[PDB]
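Here's the structure we're looking at; comments come further down.
Nothing in this text is a laboratory measurement; each read-out follows from the coordinates by a stated rule. A quick note on method: Cβ atoms are made from the backbone with ideal geometry, for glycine too, and the neighbour counts reach across all protein chains shown.
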Amino acid sequence: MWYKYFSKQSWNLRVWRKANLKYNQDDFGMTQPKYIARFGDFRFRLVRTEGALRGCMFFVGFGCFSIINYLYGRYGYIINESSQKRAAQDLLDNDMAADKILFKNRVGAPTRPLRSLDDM
Amino acid sequence: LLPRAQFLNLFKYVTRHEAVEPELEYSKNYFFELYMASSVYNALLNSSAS
Amino acid sequence: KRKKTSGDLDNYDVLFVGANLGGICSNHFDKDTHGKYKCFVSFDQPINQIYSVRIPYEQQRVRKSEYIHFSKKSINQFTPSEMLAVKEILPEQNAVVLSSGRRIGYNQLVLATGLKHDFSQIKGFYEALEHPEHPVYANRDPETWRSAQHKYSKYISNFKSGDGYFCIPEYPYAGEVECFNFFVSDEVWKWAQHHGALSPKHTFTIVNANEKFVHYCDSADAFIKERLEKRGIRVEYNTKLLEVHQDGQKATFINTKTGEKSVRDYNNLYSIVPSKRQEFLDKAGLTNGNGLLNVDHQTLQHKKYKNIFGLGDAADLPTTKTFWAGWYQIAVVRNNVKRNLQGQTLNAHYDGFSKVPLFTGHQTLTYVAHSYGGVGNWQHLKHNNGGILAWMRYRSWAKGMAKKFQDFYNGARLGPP
Amino acid sequence: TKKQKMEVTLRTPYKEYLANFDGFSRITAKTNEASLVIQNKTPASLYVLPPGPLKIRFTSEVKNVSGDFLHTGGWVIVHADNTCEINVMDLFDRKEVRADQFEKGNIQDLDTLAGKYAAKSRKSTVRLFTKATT
Amino acid sequence: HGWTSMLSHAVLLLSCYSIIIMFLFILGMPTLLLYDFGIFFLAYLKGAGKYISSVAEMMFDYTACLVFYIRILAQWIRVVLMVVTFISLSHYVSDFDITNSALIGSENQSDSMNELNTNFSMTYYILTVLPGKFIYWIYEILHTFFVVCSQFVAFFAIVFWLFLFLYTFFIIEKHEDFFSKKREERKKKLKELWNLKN
Amino acid sequence: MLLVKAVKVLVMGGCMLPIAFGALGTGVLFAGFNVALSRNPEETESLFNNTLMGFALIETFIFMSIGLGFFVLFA
Amino acid sequence: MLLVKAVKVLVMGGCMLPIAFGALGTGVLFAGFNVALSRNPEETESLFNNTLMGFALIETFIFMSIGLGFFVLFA
Amino acid sequence: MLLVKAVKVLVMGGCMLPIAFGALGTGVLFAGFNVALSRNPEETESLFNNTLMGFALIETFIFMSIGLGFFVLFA
Amino acid sequence: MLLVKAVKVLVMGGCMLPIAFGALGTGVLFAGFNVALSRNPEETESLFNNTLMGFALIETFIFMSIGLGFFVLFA
Amino acid sequence: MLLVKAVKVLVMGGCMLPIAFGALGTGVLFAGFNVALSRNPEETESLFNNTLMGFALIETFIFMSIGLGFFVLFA
Amino acid sequence: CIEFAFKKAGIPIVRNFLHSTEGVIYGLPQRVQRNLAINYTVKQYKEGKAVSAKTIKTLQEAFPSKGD
Ligand SMILES: CCCCCCCCCCCCCCCCCC(=O)OC[C@H](COP(=O)([O-])OCC(O)COP(=O)([O-])OC[C@@H](COC(=O)CCCCCCCCCCCCCCCCC)OC(=O)CCCCCCCCCCCCCCCCC)OC(=O)CCCCCCCCCCCCCCCCC
Ligand SMILES: CCCCCCCCCCCCCCCCCC(=O)OC[C@H](COP(=O)([O-])OCC(O)COP(=O)([O-])OC[C@@H](COC(=O)CCCCCCCCCCCCCCCCC)OC(=O)CCCCCCCCCCCCCCCCC)OC(=O)CCCCCCCCCCCCCCCCC
Ligand SMILES: CCCCCCCCCCCCCCCCCC(=O)OC[C@H](COP(=O)([O-])OCC(O)COP(=O)([O-])OC[C@@H](COC(=O)CCCCCCCCCCCCCCCCC)OC(=O)CCCCCCCCCCCCCCCCC)OC(=O)CCCCCCCCCCCCCCCCC
Ligand SMILES: NC(=O)c1ccc[n+]([C@@H]2O[C@H](COP(=O)([O-])OP(=O)(O)OC[C@H]3O[C@@H](n4cnc5c(N)ncnc54)[C@H](O)[C@@H]3O)[C@@H](O)[C@H]2O)c1
């Protein structure tokens, strides 16, 4: 007679795999938007819940960020080595130009940088 | 005349007539007496005269 | 500075019947005359749904606050309004009787009653469309729903299985091309069949009461019928929905051509609300045949009773009854009416321009542009097979169109030109 | 819908002073929180006046009334149709105050949670009435 | 810690280990709580998403997980205030003035007893200067009591009491109520004994 | 170069401005909750819930800026 | 050159000013909703909706500023 | 070098800005509590717990700021 | 050296900002205590206690800044 | 050297910020005291005393600032 | 106070006006004095069960209160 003492007020939820099936995912959350495309639809179709998706993508992010940061260390010079060589000589070209137009006192100190606009 | 319980629940919805000098929680109970005593006081006079 | 005119008068010099397009004309008619005239408006319904973004609304690209607008907002503050329908029209006496019975006189009448929806044409339809769970869907939302109801967005999503029917009522009806969502559903329902969300034994057919989809544009109707076949959709012409049983999910159809009716099980049903001609326009002898106003195609002026005009859907014009089509009709009516009050001639002619988007995919569309003679402009049926071009044009109509109807009703933004 | 310029009704269970009057120009009373002023076009609202003073201006002098009264407590209601009604337990003029006759045997009170507030009000009126005479 | 003074060469040994223990196991309390939520643990913190992009929520969900720990780790700044304020008082008391002028029969003759010791402070020393030194002493100890007594409560009232009130709860719905109906039947079986007034 | 680096670290300090407004916005929200509670203590649940929900959005902007801070500091 | 670049990153930091005001304005709006709820809690859904709606308009300015930031940061 | 270090210490001063708003937000919070308390003292306990609770979240941001302060000053 | 000290002492001056806000919050706190007392003077002592309690949490932030001030001024 | 002296004399000026906030806080406190007095004049002496008490707390910050000011100006 | 008198104690508004005038009933003219009078009888109605006379009208006699 265990069903005699079972309280039906526990039917407020339908718990299955640590998830309540009576959740209006169509009106709240990442699943509410109906303008989602083939990829976003196939993604939720697999997991059925944003909670499981967000939880898995939580760790996948550390994996991807640590990977791209590695590739940017190992590789990367393929697309930025030019901007470094340019700034290297540019940092020297502008320094050589400063020594030409700058007031140096009896010691090598630019004590008058605001003498004119070109000096600033 | 409706009882206190029905009158209070009905009166708390009052919004057209502002009640801020006494707060609604007090004005609801006070105006209930006026609503009840007025009818009672009026009836006694009619019966006493009759 | 300026004072609001009185609404409790016995007669006016201009009278508009309608708020959707009748309010846009008044707000535009005043700015054209600077308020030299007193115009009255009398609409029937308090709320005007933006059916031009109905599909973006079903995709939840537009919130319910940008899809629902009160009729008062379309009308300006200076012009008075009253939500009472006209009970009868007396052209010989130049007056109008309202539901209450107050006689009102006029010098110029503009009719914009459009096509009034009649849910009673389909028994058991409104009762099922209001149910938050029954799979019966329609083209508009009832007035008994609150902000927490989103059943409109479940027609495409909740089609896990069963027989689907897309019903089109008998012409004239409202929402010819702006409510055809059977191209986006096919693409969305194509994905479901790929991963099993949609059962393989399902049937979706288009039940068209009319013989053709677009009556006044053959080039547009040819593309639709051509694209339906390439996609694999089935159609049944001359058949119109007749009854809806919410208990057993039975839909009684009838082939008007053969008069043979049948009953078919459904699990996801969509139907454009059918219209119905109003008798007070026939008692006055204004409509012609189908029930549309008999007015000129160029000047929009009524054949008889030159002091009466008509625009929108109620007008009998060989063109697609759209909103952009109405934009060009507002400028013409306010012009001719402006010339009628001055006795001058009518130099404003309407070319029959009508512009409505056709959503060919989940995020792609193509504009159906055509003049009176069905001839299309540079936009007619462009980027129809999808692509980057249709994608951008889709976002511009879904994310930036409902934000404009607030201005149209206010007055800050006028028509296209 | 709407009513005329205004109408005020001052009634007492034992006598009616003004069934309906319009000549008055303004009304001022003291509520629990602060003093208010009810005149023409005053929005709809409810008020409960403790036993304080009630002063009302008359454009034309009304017989038997001075326009300055001390009420023992009443209810006030301003209906939506620009109409206010004043109902008090009792009313009298300041000239009949007969001051210095207070505390003539009713000083005793009971030490309870209700008697504390009971005396609180009684003391408030004494302090009020003394000022009302001025 | 007095009874541990002979148990090692460091009087505060047990206190130095306990502060690390206290830190590690309090640092693990949030970690095991997420393990108890499961893979949905991010919904228990932030709730439902807003955008369809998982990458976008990924950034909002990371902030939710950091805040989850910052509510805890940020409360250790309170402990620093308690220590800093405790040291400031030990410094003032340890460096408080004590001289042979306060000693009875001092034999520390070389400790400024036989020298000229003048100052440039306010005279009436015991009336102006020395009371002021005790005035500041009373301030250092009153400020210390307020900080340690207030920050001590705020630490546990937030790290445990409030932290668990936000992320944990108890349900009101019940699954079985067979005690209520047995007590009624059991009370009828004892109806006669109660009639005797036990 | 060296100055732009100095501005980056400087902008990171400016990120503490929402932190200041977030504190005031919190006291203001809880100050109203107290009043709103005394006016009608029957509905503690809704008021209390809407409070933290507001607090959520308030602090959301706070951490949003912190992200923007480190972003400009390294990008 | 680099001077203008320094102002570019500086303006980028300035975008955190509405973020601070958006936080304060949030608490103020919800603080009123709390009081408004206790006053007449029958219209929870109505008042609740208007609250989130207004807030959405706030983040519009916020995101607008950030967009303006990256724009001037790169253009 | 010397410039950036001067800016790091400068930002460390900026952290004292929330400390100011926290004081005002605190007085405002307890200012409302006294009013909310005088309005309905029967429910003092509820108001009181919510009062101190909000205060905790207030100085939480303040402590959070000091973190970022020392961070940039040493990182 | 002195230059870094110059910006340190500059930061040390910033500590007077909470000292300023603390005064305004104090005036606001006692302002509410007065009006709140008038509405329900029966519980004067209760309001008075919570009044001074808030002023303490104010100085909590104040002394905190002064600590942070002197620290960074010498560390 | 000389530059540190300059920032010192400037910080000394910063002490006038609490002097400004303390003024506004005083106006607000007495503003509520007036309204609070009209609400319940029966306790004028109580409100009046607590009123001045708050102001005394306002000057506390004033003395704290000017004190810290002259110190930093000479230390 | 009229508000807290009813909140912290079951004192109706009418009873409050009575206790308010209680201290000034003698000051007011005799016209008002005769008006401020409550004297009746209440019986629990069996043949002769109870007979209660309500004459105080200020204490917990006619308008009971929680405080009393
Ligand atoms: C360069 C360095 C590279 C380094 C590489 C390092 C190595 C990398 C390897 C590892 C890669 C990472 C692994 C990822 C997989 C891991 C799993 C996972 O995370 O999930 C996938 C994950 C899912 O994404 P999601 O965010 O969850 O999806 C969002 C919604 O859910 C989606 O919702 P939806 O599905 O419903 O619909 C989506 C879409 C609808 O989409 C569609 O429908 C299109 C579908 C087309 C399909 C095409 C089919 C093709 C078929 C093949 C061809 C046919 C076959 C022919 C065969 C021929 C054979 C020869 O609807 C929209 O309208 C979207 C909004 C509009 C687009 C917004 C784009 C913003 C970009 C802003 C920058 C603009 C830059 C412009 C200028 C650029 C010039 C360079 O993928 C990603 O996250 C992509 C990366 C996102 C990072 C964004 C941050 C960077 C910002 C952009 C860069 C800005 C420029 C910066 C520098 C510029 C310098 C010039
Ligand atoms: C120096 C490092 C410092 C970091 C220290 C951090 C230490 C953290 C310690 C915490 C403990 C970690 C141990 C985890 C135990 C996991 C055990 C387990 O596996 O049980 C499963 C258990 C899930 O079970 P459940 O939730 O109870 O119920 C599941 C439902 O029934 C399921 O319902 P459903 O069936 O509807 O869901 C569907 C499905 C949905 O799943 C998806 O989302 C799908 C994802 C996409 C998959 C790819 C799809 C590809 C599609 C291909 C399509 C092909 C088409 C072909 C077509 C065919 C064409 C013909 O969901 C799942 O089944 C997956 C759930 C399990 C995922 C477990 C992920 C674990 C990742 C851990 C990686 C790192 C471990 C390192 C350990 C190192 C130890 C030395 O996993 C968890 O509970 C995860 C909880 C972990 C939370 C830990 C958070 C701690 C904080 C970490 C970050 C803190 C940062 C701040 C640092 C501050 C300084 C302190
Ligand atoms: C027809 C008439 C014929 C007769 C006429 C007779 C006329 C007589 C003329 C007399 C001429 C002057 C006498 C000169 C000889 C003085 C000999 C002496 O021992 O003084 C040494 C004494 C210490 O100096 P020193 O040893 O030479 O060392 C040099 C430097 O001090 C060293 O520098 P430092 O910085 O290192 O020193 C620290 C500094 C520390 O800084 C200070 O000076 C401390 C003072 C701060 C408090 C200042 C406020 C005092 C006011 C309190 C009362 C206010 C009431 C009203 C307030 C209303 C507010 C709006 O000084 C001290 O340490 C002072 C400690 C000793 C005083 C504290 C104890 C006082 C006992 C009080 C008991 C009172 C009970 C009643 C008894 C009265 C009779 C015995 O010098 C003085 O204090 C001069 C006193 C000048 C008189 C001031 C007037 C006081 C007014 C009292 C008001 C209440 C009575 C009003 C009566 C009205 C009558 C109409
Ligand atoms: N797709 C749809 O289902 C649908 C439905 C309605 C409108 N629309 C769009 O709205 C555009 C313009 O609409 P419209 O102006 O032609 O008509 P309408 O649908 O906007 O309605 C006409 C207005 O007048 C009122 N009305 C109708 N009969 C009335 C009567 N006897 N008395 C008083 N008022 C009366 C209506 O309530 C309404 O305010 C159309 O081009 C169409 O695209 C679409």
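Structure above, values below:
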{"item": "Prolate/oblate/rounded call for the protein assembly as shown, Cα gyration tensor, a/c under 1.5 rounded", "result": "oblate"}
{"item": "Helix B:24-49 axis, angle to chain B major axis (alpha carbon atoms, nearest 10°)", "result": "10"}
{"item": "Longest segment of chain E lacking chymotrypsin sites (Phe, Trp or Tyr not before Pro) that sit in a DSSP loop with at most 14 other Cβ atoms within 10 Å", "result": "E:1-50"}
{"item": "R0 of 41 Å, Cβ-Cβ distance C:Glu229-A:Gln25: FRET efficiency to nearest 0.05", "result": "0.70"}
{"item": "Within 10 Å of each Cβ in E:96-107, the average number of Cβ atoms from other chains", "result": "0"}
{"item": "For chain C, alpha-carbon Rg relative to the globular expectation (2.2 N^0.38 Å, N residues)", "result": "1.00"}
{"item": "Amide N of the stretch C:85-127 lying under 11 Å from the label point, which is placed 7 angstrom from the Cα of C:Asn347 along Cα→Cβ", "result": "none"}
{"item": "Cα centroid of the stretch D:2-35 to Cα centroid of the stretch D:72-134, whole Å", "result": "18"}
{"item": "Within straight-line cross-link reach of A:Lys85, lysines at Cα separation under 30 Å, skipping those fewer than 8 residues along the same chain", "result": "A:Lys100, A:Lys104, F:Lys5, F:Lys8, G:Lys5, G:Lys8, H:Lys5, H:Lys8"}
{"item": "Taking C:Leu381, E:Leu66, E:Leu142 and counting other C-beta atoms within 10 Å, the order from fewest to most", "result": "E:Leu142, E:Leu66, C:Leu381"}
{"item": "Kirkwood hydrodynamic radius over Cα pairs of the stretch C:301-417, then Stokes diffusion coefficient at 4 °C and 1.567 mPa s, in µm²/s", "result": "81"}
{"item": "Paramagnetic reach from C:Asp265 in the stretch C:198-214 [backbone N under 15 Å; point 7 Å along Cα→Cβ]", "result": "C:199-204"}
{"item": "Chain K - Rg over Rh from alpha carbon coordinates, Kirkwood radius", "result": "1.07"}
{"item": "Residues C:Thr364, G:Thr26, sorted so that the one with the fewest Cβ neighbours within 10 Å comes first", "result": "C:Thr364, G:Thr26"}
{"item": "Approximate spin-label separation D:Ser60-E:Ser18, in nm, with each point projected 7 Å along Cα-to-Cβ", "result": "9.2"}
{"item": "Fluctuation leader among C:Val295, C:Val368, C:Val97 - chain C, Gaussian network, Cα springs under 10 angstrom", "result": "C:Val97"}
{"item": "At most 10 other Cβ within 10 Å, DSSP loop - GluC sites (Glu not before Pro), the stretch K:8-68", "result": "K:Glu47"}
{"item": "Computed FRET value (nearest 0.05) for A:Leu102 with A:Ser82, which takes r as the C-beta separation and R₀ as 45 Å", "result": "0.90"}
{"item": "Spin-label pair E:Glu184/G:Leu17, simplified geometry with 7 Å Cα→Cβ offset, distance in nm", "result": "7.0"}
{"item": "Rounded to 5, the percent of DSSP beta bridges in the protein assembly as shown classed as antiparallel", "result": "65"}
{"item": "CD proxy at 222 nm, helix term only [per DSSP H run n ≥ 4: -39500 (n - 2.57); per residue of chain E; nearest 500]", "result": "-20500 deg cm²/dmol"}
{"item": "Average other protein chain Cβ within 10 Å of Cβ, residues J:46-52", "result": "4"}
{"item": "Mean-position separation - Cα centroids, the stretch K:20-57 and the stretch H:1-68, in angstrom", "result": "59"}
{"item": "Residue order, fewest to most beta carbons within 10 Å, for C:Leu242, I:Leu29", "result": "C:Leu242, I:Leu29"}
{"item": "DSSP H segments from chain F that extend 18 Å or more along their own axis, Cα-based, with Kyte-Doolittle mean of 1.6 or above", "result": "F:2-14"}
{"item": "P(r) tail fraction, chain I - alpha-carbon pairs more than 14 Å apart, %", "result": "67"}
{"item": "Filter on E:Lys197/K:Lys66; C:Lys123/C:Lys212; A:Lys18/E:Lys181; C:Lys3/C:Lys72 - keep pairs with C-alpha separation over 22 Å", "result": "E:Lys197/K:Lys66; C:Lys123/C:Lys212; A:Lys18/E:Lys181"}
{"item": "For chain D, built as a Gaussian network whose Cα springs stay under 10 Å, the top-fluctuating residue of D:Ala19, D:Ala114, D:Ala99", "result": "D:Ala114"}
{"item": "Peptide B:10-16, shielding by other chains (average Cβ, 10 Å cutoff)", "result": "2"}
{"item": "Loop GluC sites (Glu not before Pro), the stretch E:88-169 (other Cβ atoms within 10 Å of the site Cβ: 11 or fewer; DSSP)", "result": "E:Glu107, E:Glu115"}
{"item": "C-alpha long axis of helix E:178-189 to longest principal axis of chain E, angle in °", "result": "80"}
{"item": "Trypsin sites (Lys or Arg not before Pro), loop per DSSP, at most 14 other Cβ atoms within 10 Å - longest free stretch of chain K", "result": "K:1-42"}
{"item": "Candidates A:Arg17, A:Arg54, A:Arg106, ranked by Gaussian network fluctuation over chain A, Cα under 10 Å, top entry", "result": "A:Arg106"}
{"item": "Kyte-Doolittle at least -1.0, axis length at least 27 Å by Cα - qualifying DSSP helices, chain A", "result": "A:50-74, A:77-100"}
{"item": "Förster radius 35 Å - calculated FRET efficiency between C:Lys31 and C:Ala85 (Cβ-Cβ, nearest 0.05)", "result": "0.80"}
{"item": "Cα-projected label distance for D:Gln4 with C:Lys276, points at 7 Å along beta-carbon direction, nm", "result": "4.9"}
